[PDB]
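Undergrad: Please find one structure pasted underneath; my questions will follow.
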Amino acid sequence: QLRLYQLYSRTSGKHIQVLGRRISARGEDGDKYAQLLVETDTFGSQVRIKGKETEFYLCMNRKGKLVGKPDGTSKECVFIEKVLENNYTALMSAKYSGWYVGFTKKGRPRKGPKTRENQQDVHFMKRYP
């Protein structure tokens with residue numbers, strides 16, 4: 001299943017942007033770089049996230065850095081989607097368990113190794129523009 005939406009960062013107050021190679025969470029509602037095509041496998045656990053504008057996939061490299069890439073074949077470009085008890089959604093790397101997609105209050109992306117599930121930095125709400 002394919003779906004289109006935006007991811008609102010609990011800490012940054014803005015939406016995730018796939019600007020190209022660079023990833024950020026400073027998108028106003030409706031920002032063209034914040035429109036995300038999200039692919040969900042038949043199990044419902046794993047997702048690929050693609051910026052609709054740039055066509056770059058959101059991925060996490062070995063250094064734990066979030067980065068956009070044109071090629072989304074890598075397992076670094078897959079995330080496990082968890083709806084938490086607090087009703088936010090988190091995105092854990094499928095390649096690097098225990099590492100999460102996250103951002104600072106200024107929308108700067110965080111390093112996987114330095115994250116964990118209970119951090120607000122890694123919490124998101126889904127949004128249908």
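Each chain in the structure tokens gets a letter, A, B and so on, in the order shown; residues start at 1 in every chain, and ligands are counted from 1 in the order they appear.
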Each residue of range 12-41 of chain A lying at most 10 Å from range 99-102 of chain A should get a row with its shortest atom-to-atom pair and the distance in Å to one decimal, counting only C-alpha atoms; could you produce that, ordered by chain and increasing number, as a tab-separated table?

TA:
residue	atom	partner	partner_atom	distance
A:12	CA	A:102	CA	9.5
A:16	CA	A:102	CA	9.7
A:24	CA	A:102	CA	9.6
A:25	CA	A:102	CA	9.0

Undergrad: Those same residues, written as a compact mmCIF listing (two decimals), in the first residue's frame with N, CA, C and O atoms?

TA:
# COMPACT_ATOMS: atom_id res chain seq x y z
N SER A 12 10.10 19.75 16.83
CA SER A 12 10.41 20.86 15.93
C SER A 12 9.20 21.72 15.64
O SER A 12 9.34 22.86 15.25
N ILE A 16 8.66 17.23 8.39
CA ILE A 16 9.83 16.64 7.76
C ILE A 16 9.85 17.05 6.29
O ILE A 16 8.83 16.94 5.59
N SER A 24 15.50 17.53 6.80
CA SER A 24 15.22 18.53 7.82
C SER A 24 13.77 18.45 8.25
O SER A 24 12.98 17.76 7.60
N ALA A 25 13.41 19.12 9.34
CA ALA A 25 12.02 19.18 9.78
C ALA A 25 11.60 20.62 10.04
O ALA A 25 11.21 20.96 11.16

Undergrad: Contacts of range 105-117 of chain A at 12 Å or less, counting only C-alpha atoms, minus same-chain residues fewer than 2 places along, as JSON, numbers by chain?

TA: {"A": [8, 9, 10, 11, 12, 13, 14, 15, 16, 17, 18, 22, 23, 24, 25, 26, 27, 28, 58, 59, 60, 61, 62, 63, 64, 65, 66, 67, 68, 76, 80, 81, 82, 83, 84, 85, 86, 88, 89, 90, 91, 92, 93, 94, 95, 96, 97, 98, 99, 100, 101, 102, 103, 119, 120, 121, 122, 123, 124]}

Undergrad: As number ranges by chain, please: every residue in range 34-101 of chain A that a backbone DSSP assignment puts in strand (DSSP E or B).

TA: A: 36-40, 46-51, 57-60, 66-69, 79-83, 89-93, 100

Undergrad: Could you tell me how far CA of residue 72 in chain A sits from CA of residue 32 in chain A, in Å to one decimal place?

TA: 20.1 Å

Undergrad: Mind giving me the straight-line distance from CA of residue 54 in chain A to CA of residue 29 in chain A in Å, one decimal?

TA: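 Value for the CA of residue 54 in chain A-CA of residue 29 in chain A distance: 17.2 Å.
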
Undergrad: Please return as a PyMOL selection string: the residues of chain A that backbone DSSP assigns to helix (DSSP H, G or I).

TA: chain A and resi 32-34+75-77+112-114+120-122

Undergrad: Under the rule that only C-alpha atoms are counted, which of A:7, A:47, A:39, A:69 is the nearest residue to residue 21 in chain A?

TA: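 Nearest to residue 21 in chain A: A:69.
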